[PDB]
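Input: a single structure, listed below in structure tokens.
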Amino acid sequence: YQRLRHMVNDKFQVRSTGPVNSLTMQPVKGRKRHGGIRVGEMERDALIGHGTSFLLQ
DNA sequence: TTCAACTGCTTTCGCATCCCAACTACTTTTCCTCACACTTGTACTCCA
């Protein structure tokens, strides 16, 4: 057997609140900047497809 | 009634000229160590 080099250390992150951006007041990007998770364009369409207007809100 | 340029769009996180220096020179900083020309008697006879 063989052990591969790439491992799962720098993969997880959690944010309750924290830093923002100065222009948008949205959560900052960043793995080590303690930054937010992106709800992208396709996830906006997935939250309309459930008809969940408050989860989108 | 058509040809030819101006036209925004392919994804989904995360990865990823001026300055410096070299070596060898020449020089300055000064402080220390003595000589070189001048002069009156004295000495050896000098001429009286």
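A quick note on method: Cβ atoms are made from the backbone with ideal geometry, for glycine too, and the neighbour counts reach across all protein chains shown. Each value in this text was obtained by applying a stated rule to the coordinates, not by laboratory testing.
General observations
- Computed 3J(HN,Hα) for segment A:31-42, one whole-Hz value per residue from the Karplus formula 6.51 cos²θ - 1.76 cosθ + 1.60 where θ = phi - 60°, is 5, 9, 8, 6, x, x, 9, 8, 8, x, 6, 6, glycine and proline marked x.
- Mean separation of Cα contacts under 8 Å (6+ apart) over length of chain A, as relative contact order %: 20 percent
- Within chain A, chymotrypsin sites (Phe, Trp or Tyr not before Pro) in DSSP loop having at most 10 other beta-carbon neighbours inside 10 Å: A:1, A:12
- Charge dipole of chain A about the Cα centre (unit charges at C-beta), most positive-ward option of A:22, A:7, A:55: A:7
- A simple spin-label model places pseudo-atoms 7 Å from Cα toward Cβ; at residue A:24 and residue A:10 they are separated by 2.3 nm.
- Over the residues of chain A, the helix contribution to mean residue ellipticity at 222 nm works out to -5500 deg cm²/dmol, using -39500 (n - 2.57) for each DSSP H run of at least 4.
- Each residue of segment A:44-54 was assigned a 3J(HN,Hα) from its phi angle through the Karplus expression (A = 6.51, B = -1.76, C = 1.60, θ = phi - 60°), giving 5, 6, 6, 7, 7, x, 6, x, 9, 6, 8 Hz with x at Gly and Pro.
- Normalised alpha carbon radius of gyration of chain A [divisor 2.2 N^0.38 Å]: 1.60
- Point-to-point label distance, residue A:17-residue A:50, nm (Cα→Cβ direction, 7 Å offset): 2.4 nm
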